[PDB]
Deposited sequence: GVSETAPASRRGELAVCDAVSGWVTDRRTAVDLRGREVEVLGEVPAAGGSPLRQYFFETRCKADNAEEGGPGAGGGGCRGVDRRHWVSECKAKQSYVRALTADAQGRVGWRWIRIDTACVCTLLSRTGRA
């Protein structure tokens, strides 16, 4: 009988056309890896994101269970690096470490103990 503080969604991502690398730059992500032999290997990932441009004023969407009286919170996605065949800004193709989303975590923005 437990519950998530941030609602996440997990699945196959076949539409990731770009990603940020180890160095913080943006690289393009190829759809297929030329594997030695007959058919090319397909490049796709498995990622976890947040289930979270909304009416003005409104907002105030924090994490479930955080003391709204002490904290301003927000569910944000977390990254992990995976190796992927990609192309950089100048065209060089190659294997680089890229950030994909592997979780939806709660972030505390400001305040504390009834300040």
Which bits of the deposited sequence have no atoms placed for their C-alpha? 1-11, 64-67
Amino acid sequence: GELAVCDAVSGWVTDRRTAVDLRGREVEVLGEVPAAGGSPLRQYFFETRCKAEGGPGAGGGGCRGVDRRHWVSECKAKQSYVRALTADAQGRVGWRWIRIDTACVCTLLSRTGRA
From here on, numbers count along this sequence of modelled residues.
Given 35-43 and 74-82, the range whose Cα B-factors average higher in the PDB entry: 35-43
Name the third of the chain's ranked CA B-factors that contains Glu53, choosing lowest, middle or highest. highest
Split into thirds by Cα B-factor across the chain's modelled residues, where does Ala89 land: lowest, middle or highest? highest
Here the Cα B-factor of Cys104, set against its chain, lands in the third termed middle
Based on the entry's values, in what third of the chain does the Cα temperature factor of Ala115 lie: lowest, middle or highest? highest
